Amino acid sequence: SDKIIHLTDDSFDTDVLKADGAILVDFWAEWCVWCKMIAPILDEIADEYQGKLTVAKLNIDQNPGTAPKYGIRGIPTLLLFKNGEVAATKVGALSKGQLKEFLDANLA
Ligand SMILES: [Cu+2]
């Protein structure tokens, strides 16, 4: 978790929208089992994509206003931002091999 960024509705603008470089955001919740299952995968990817990517999480339970703006229908949902615009999205849990493929298809 040392390579993951914790966002708040507040910090969203700065840390994601104004952010320079690719930002992968994990919209999740407390009592979502699938959310808990990808947490470790998110750790590894983070470590492997340092310099190229910033991995960040958003607990919609404690940050209820961001999701809606993005059409978030269910969790976990992963949003890949670029230059303040969402570049790609993935709904639901996936493996590390999957997450990798998904980024690679988007990483410049
Ligand atoms: Cu860590």
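Going by Swiss-Prot, the residues shown for chain A are 2-109, listed in order.
Header says: X-ray crystallography, 2.2 Å.
Every residue gets a Cβ built from N, Cα and C, even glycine.
Secondary structure from DSSP puts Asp27 (site 'Deprotonates C-terminal active site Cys') in a beta strand. Residue density at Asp27 (site 'Deprotonates C-terminal active site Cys'): 22 other Cβ atoms are found within 10 A of its Cβ, drawing on all protein chains shown. Per Swiss-Prot, the feature site 'Deprotonates C-terminal active site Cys' maps to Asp27.
Taken from Swiss-Prot, the feature active site, nucleophile applies to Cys33 (among others). Around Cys33 (active site, nucleophile), the same-chain residues at least 6 positions away in sequence with a Cβ under 8 Å from its Cβ are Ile76, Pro77.
Marked as disulfide bond by Swiss-Prot on the basis of experimental evidence: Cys33-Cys36. Remark: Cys36 (disulfide bond) has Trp29, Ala30, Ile76, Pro77 as non-local neighbours, by Cβ distance under 8 Å and separation of at least 6 in sequence.
What Swiss-Prot lists as active site, nucleophile is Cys36 (among others). In the three-state DSSP reading, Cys36 (disulfide bond) counts as helix.
The Cβ of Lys70 (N6-acetyllysine) has no same-chain neighbour under 8 Å that is 6 or more residues away in sequence. Annotated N6-acetyllysine per Swiss-Prot: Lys70, in sequence order.
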